[PDB]
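K.L.:
the amino acid sequence is not available; the structure is as follows:
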Ligand SMILES: N[C@@H]1[C@@H](O)[C@H](O)[C@@H](COP(=O)(O)O)O[C@@H]1O
């Protein structure tokens with residue numbers, strides 16, 4: 001069934017709450033974490049880095065990797081995760097899609113199998129401005145598992161700034177789908193700023209439609225939404 005909301009003043013305070021909750025899940029037996037990228041968990045990550053948490057018997061799973069990038073590429077999500085978390089607080093094993101996979105359909109099948117092998121205890125998520133979840137854009141099937149995503153033109157244009165040559169900018173990603181993500185025992189979603197207010201309301205109040213990827217979270221048995229006052233204006 002259910003979705004608890006914690007409303008908070010701001011991002012910093014929502015990030016402290018997320019930290020406290022993470023630490024409890026871990027003390028109560030969580031071993032596999034699904035992780036988030038983007039701006040939303042950056043302060044939660046700094047807090048973890050400076051904390052006494054120890055992920056050395058734990059496994060982490062990220063949603064996404066860019067096709068064509070290695071883990072050492074500065075533009076990769078593997079590298080993002082290293083910088084913001086793994087260098088300071090390594091896991092037993094941290095999984096991301098292999099963006100260098102020879103057979104994209106084989107890597108997608110592989111990632112599903114890793115999910116089956118390490119089901120996620122706690123998944124951290126952000127939300128997109130159009131209610132996208134990971135790289136799953138409106139119209140994505142609620143049945144989707146790991147799959148090849150063509151990046152939005154806004155994403156390619158944004159990421160283009162970071163590559164000397166245009167022929168080197170990823171146009172695609174290997175991404176956990178909506179059914180993939182929904183398999184977590186517990187989901188903690190964080191949303192801060194007015195830019196998220198509309199996606200937040202649609203996730204909570206709108207119908208369950210592929211038009212709002214996050215609306216599937218309405219059907220998860222254990223979703224915890226942490227939202228600052230502005231992102232929660234609608235709920
Ligand atoms: N990079 C991100 C996703 O990984 C993220 O969860 C979401 C919101 O991004 P942010 O947390 O920067 O607002 O949209 C993009 O696709």
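P.N.:
Structure received. Residues are numbered from 1 along each chain as shown.
K.L.:
near the ligand, which residues of the protein?
P.N.:
Within reach of the ligand by C-beta under 6 Å from any ligand atom, the chain has these residues: 36-40, 126, 128, 132, 134-135. In this view, the C-beta of every residue, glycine as well, is placed from N, C-alpha and C.
K.L.:
who touches the host helix or strand of residue 80?
P.N.:
Following DSSP states H and E, one finds residue 80 within helix 77-81. Applying C-beta atoms under 8 Å, 6 or more residues apart in numbering, the external contacts of helix 77-81 come out as 35, 37, 62, 64-66, 69-73, 94, 96.
K.L.:
still on that earlier bit, could you dump the residues of the chain next to the ligand to CSV with neighbour count and secondary structure?
P.N.:
Shown next, in CSV, are the residues of the chain next to the ligand (neighbours: other C-beta atoms under 10 Å; DSSP: H, G, I helix; E, B strand; the rest coil):
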residue, neighbour count, secondary structure
36, 23, coil
37, 19, coil
38, 14, coil
39, 11, coil
40, 24, coil
126, 19, coil
128, 21, coil
132, 18, coil
134, 25, coil
135, 25, coil
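K.L.:
what about residue 160, how many residues nearby?
P.N.:
12 (other C-beta atoms under 10 Å).
K.L.:
picking up where we left off before, after the helix holding residue 80, next one along is what?
P.N.:
Using DSSP H and E, the helix or strand that directly follows helix 77-81 along the chain is strand 93-95.
K.L.:
the strands in the chain, which residues?
P.N.:
All strands of the chain, identified by DSSP state E, fall at 2-8, 32-35, 59-62, 64-66, 93-95, 122-125, 147-150, 172-175, 186-191, 222-228.
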